Amino acid sequence: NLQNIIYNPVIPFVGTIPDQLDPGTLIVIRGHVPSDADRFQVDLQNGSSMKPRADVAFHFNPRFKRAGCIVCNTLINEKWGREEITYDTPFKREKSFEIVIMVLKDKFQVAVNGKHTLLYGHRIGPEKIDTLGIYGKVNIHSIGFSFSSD
Amino acid sequence: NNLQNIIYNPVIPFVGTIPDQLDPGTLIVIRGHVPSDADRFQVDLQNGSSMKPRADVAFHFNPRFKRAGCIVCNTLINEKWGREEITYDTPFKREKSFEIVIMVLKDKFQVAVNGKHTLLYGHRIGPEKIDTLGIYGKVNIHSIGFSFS
Ligand SMILES: OC[C@H]1O[C@@H](O[C@H]2[C@H](O)[C@@H](O)[C@H](O)O[C@@H]2CO)[C@H](O)[C@@H](O)[C@H]1O
Ligand SMILES: OC[C@H]1O[C@@H](O[C@H]2[C@H](O)[C@@H](O)[C@H](O)O[C@@H]2CO)[C@H](O)[C@@H](O)[C@H]1O
Ligand SMILES: [Cl-]
Ligand SMILES: [Cl-]
Ligand SMILES: [Cl-]
């Protein structure tokens, strides 16, 4: 059911999501971490404004320093909320990945390389998300959606 | 019989509490028969048993028998149905017995009937929210049991 919106995008990438993130929607992102990455992020946004910065419903932020971790959070009206830090991370420098974000009624579920990684409860209604951004030190092969509606 | 909380010949419609969480690898095993004149039946994995307002249905597994037959799968959230996922390759038949095995995975249900893979259904509600098994419609149930993880 997977409809890619882009292949091999320049980073940072900001694109419109062409349908609503209804429960059962999948987001699939394939890419590769450069050898000298410190971090990258996948942001599910309400719009693409820079000034002031668009709300980030779901900020998914792998960080590579020390033992590595993933930080998840939400940006509302240019303020970050409570960090949810996952210390069990599958990402590594100079390694390829496939991220699958499953949109559920109450939360996102993320799996990497076919293995569950983390959950993150909705803080912004997922119906408000219309934009996906990818930022930081990462190579992206593809970004696709499997919409519930299709 | 390694199954757990086995019930025979429940009264239909059946609404029962699932006796443990639907963790990955959990099985729900339902043996029964399709009446000769069935239109449809359903197996519903529900968040509670409220009738009004109607409990959320994480997984509605709905064999339909008109025309060439099919299985409709869907989810009910806050009393509204989502987009149907229709399986046209259906193993069910009027007057035929079945054994349904629902395997719960972290990201989907995997359903087999009489030992044959039937369909996949990706989660729309987290399966940890499911505490209730409903069986409704034109169907005969011989047994229900579970294999937990
Ligand atoms: O919360 C996501 C957000 O983190 C910012 O950095 C935080 C940092 O994670 C924390 O350990 C420190 O105590 O506060 C910092 C200031 O906000 C990042 O700057 C931002 O890009 C997001 O990743
Ligand atoms: O989707 C499950 C749901 O279907 C309802 O019937 C649908 C029907 O399948 C569809 O063809 C039509 O467009 O809308 C009907 C109402 O949503 C059933 O009423 C319900 O019991 C479930 O089986
Ligand atoms: Cl940021
Ligand atoms: Cl949920
Ligand atoms: Cl119904």
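An account of the accompanying structure is given in this report.

Conventions we followed
Residues numbered from 1 in each chain as written, not as in the entry; some residues may be left out. Chains lettered and ligands numbered in written order. Heavy atoms only, no water. Contact = heavy atoms within 4.5 Å. Buried area = accessible area lost by both parts, 1.4 Å probe. Salt bridge = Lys/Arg side-chain N within 4 Å of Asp/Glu carboxyl O. Polar contact = N/O pair within 3.5 Å; in protein donor to acceptor, adjacent residues only side chain to side chain. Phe/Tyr/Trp six-rings, centres within 6.5 Å; stacked < 30°, edge-to-face > 60°. Near = heavy atom within 4 Å. Areas by Shrake-Rupley, 256 points an atom, 1.4 Å probe, with all protein chains shown as cover. Helix = DSSP H or I, 4+ residues; strand = E, 2+ residues; numbered from the N terminus. Buried < 20%, exposed > 50% of the residue type's maximum accessible area, 1.4 Å probe, protein only.

## Some remarks on the interface of chain A and chain B
Listed per partner, the contact involves 13 residues of chain A and 12 residues of chain B. Surface buried jointly by chain A and chain B totals about 1000 Å² across both partners, of which 54% is contributed by carbon and sulfur atoms. Counting the contacts that link chain A with chain B gives three salt bridges. In this structure, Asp 56 of chain B and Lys 105 of chain A form a salt bridge, with 2.8 Å as the shortest nitrogen-oxygen distance. On the surface where chain A and chain B come into contact, there are seven residue pairs in polar contact.

## Thoughts on the packing of aromatic side chains
Counted under the stated rule, the structure contains 18 aromatic pairs over all chains. Aromatic side chains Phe 146 of chain B and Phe 148 of chain B sit 5.5 Å apart centroid to centroid with 10° between the ring planes, which places their arrangement in the stacked category. In textbook terms, an aromatic cluster arises when at least three aromatic residues are bridged by ring pairs, as seen for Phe 40, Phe 58, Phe 60, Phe 64, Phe 91, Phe 97, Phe 108 and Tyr 120 of chain A.

## Focus on the site of ligand 1
Residue and element names in this part refer to chain A. Around ligand 1, a shell composed of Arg 39, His 59, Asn 61, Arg 63, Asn 73, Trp 80 and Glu 83 is seen. Here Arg 39 contributes a side-chain N or O atom positioned 3.0 Å from an oxygen atom of ligand 1. Within the side chain of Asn 73, one N or O atom sits 2.9 Å away from an oxygen atom of ligand 1. Relative to its free-state accessible area of 480 Å², ligand 1 is covered by the protein chains to the extent of 48%. Looking at the shell around ligand 1 element by element, the count peaks at three residues for strand 5 (residues 55-63).

## What about the pattern of salt bridges?
Taken as a whole and assessed by the stated rule, the structure comprises 15 salt bridges over all chains. Here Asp 36 of chain A ties to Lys 137 of chain A by a salt bridge, and the two come within 3.9 Å at their closest N and O atoms. With a gap of 101 residues between them, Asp 36 of chain A in the loop between strand 3 (26-32) and strand 4 (40-46) and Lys 137 of chain A in the loop between strand 12 (131-136) and strand 13 (139-146) connect regions that are remote in the sequence. By relative accessible area, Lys 137 of chain A is classed as partly exposed at 43%. A salt bridge links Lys 107 of chain A to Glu 128 of chain B, with the nearest nitrogen and oxygen atoms 2.6 Å apart. Here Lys 107 of chain A is found in strand 10 (residues 107-112), whereas its partner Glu 128 of chain B is found in the loop between strand 11 (116-122) and strand 12 (132-137) on a different chain. Sharing partners across several salt bridges, the network here consists of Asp 38, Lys 65 and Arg 93 of chain A.

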